[PDB]
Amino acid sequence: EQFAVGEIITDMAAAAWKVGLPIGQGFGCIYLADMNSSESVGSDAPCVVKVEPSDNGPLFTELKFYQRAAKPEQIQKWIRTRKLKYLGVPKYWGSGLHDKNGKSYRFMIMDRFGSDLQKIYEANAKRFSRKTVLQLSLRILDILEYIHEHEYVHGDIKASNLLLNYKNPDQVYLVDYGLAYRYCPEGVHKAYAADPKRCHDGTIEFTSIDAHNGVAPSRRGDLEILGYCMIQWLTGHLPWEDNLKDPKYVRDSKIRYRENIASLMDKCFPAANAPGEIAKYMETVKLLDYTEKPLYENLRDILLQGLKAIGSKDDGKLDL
């Protein structure tokens, strides 16, 4: 156990932080945290501290993403310029080194969040409403556009990596950048082929055809993953979920259902009850080339048409 409840840690910018109670479930070593003060760190703490040994690969990858793309002023400038209500990218508050029993450990200070969507999804009998799925997806498209414009792809979008704002249950954030991928370092897109440094293939039921083909993740892959998430949230199932131990089967089902999206709609939704925006979204992502920049605004309009169809609008209400 890396820290004590009430321990004061100092980051590389000489900012002092006070450690609170551990909240890391089973997953990484995470404690509640706040700015150093006379008062103890409470249950309402606005930060978390993530700790791993200095030699940990994913913490270095995650730290590099947050340092490069998630500086508080970087996010706020984007929110302002793009005229967004918020941006679901967690803010980076500091990082440092800590020693315990001779060994060296790396820590990161980040935003504290509420519940993950997987818990809420399971509590709602493995279903999310059309309104909830469209509102979630509009915000995920904002997150994905931002990280893609900052040379990164997530490659592992799912309900367990989507956490609600502790103070606002209508604001969803995308977490876990330990296996995030820098697809175009210095504006140079990675060629269609395997990356020897990368070992991860995402989460089998949601991962992209590109990842299944052993190719490094790109922008179209992240949008494809979101597509599968949308179907799973709307129906409580995916056609290939009964054979997840066999990646060959999962890739085969994905390749065949990409070739015929109408058969995917017929399989997942009751006859003539399929949401048109889901099919239109899948058809648009299908048209993307490996190195192609997505037309994010066009994908947003597709989802906005779905909200208009159900007599709603983008009011930012997640209704879950």
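From 1 onward, residues are counted along the sequence shown. By rigid core we mean the largest C-alpha set that fits within 1.5 Å across both forms.
Visitor: After a core fit, does 284-292 or 39-47 show the bigger CA gap to the shown form in 6 other deposited structures of this protein?
Guide: When 39-47 and 284-292 are compared in 6 other deposited structures of this protein, 39-47 lies farther out.
Visitor: Answer yes if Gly26 is missing coordinates in at least a third of the other compared entries, and no if every one of them models it.
Guide: Looking at the other entries that model residues on either side of it, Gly26 is missing from at least a third.
Visitor: Establish whether the other compared PDB entries of this protein leave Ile255 unmodelled at least a third of the time.
Guide: No, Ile255 has coordinates in all the other entries compared.
Visitor: Using only C-alpha atoms and the B-factors in the entry, which stretch averages higher, 88-96 or 185-193?
Guide: If you average the C-alpha B-factors of 88-96 and of 185-193, the larger mean comes out for 185-193.
Visitor: Of the two stretches 34-42 and 280-288, which shows the higher Cα B-factor on average in the entry?
Guide: For C-alpha atoms only, the mean B-factor is higher in 34-42.
Visitor: In terms of CA temperature factor as recorded, identify the highest of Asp210, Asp176, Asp111, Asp246.
Guide: Among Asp210, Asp176, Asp111, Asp246, the highest C-alpha B-factor in the entry belongs to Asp246.
Visitor: Going by the entry, which of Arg139, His148, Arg220, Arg198 has the most elevated CA B factor?
Guide: Within the set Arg139, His148, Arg220, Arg198, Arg198 shows the top C-alpha B-factor.
Visitor: If you rank the chain by CA B-factor, which third does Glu62 end up in: lowest, middle or highest?
Guide: For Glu62, whose C-alpha B-factor we compare with every modelled residue in the chain, the answer is the lowest third.
Visitor: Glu205's Cα B-factor: lowest, middle or highest third of the chain?
Guide: Its C-alpha B-factor belongs to the lowest third of this chain's values.
Visitor: Considering only modelled residues of the same chain, in which third does the CA B-factor of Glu73 rank: lowest, middle or highest?
Guide: It belongs to the middle third of the chain when residues are ordered by C-alpha B-factor.
Visitor: Considering every modelled residue of the chain and its Cα B-factor in the PDB entry, is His237 in the lowest, middle or highest third?
Guide: It falls in the middle third of the chain.
Visitor: Please place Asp116 in the lowest, middle or highest third of its chain according to the CA B-factor in the PDB entry.
Guide: Its C-alpha B-factor, which the entry lists for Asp116, ranks in the middle third among residues of this chain.
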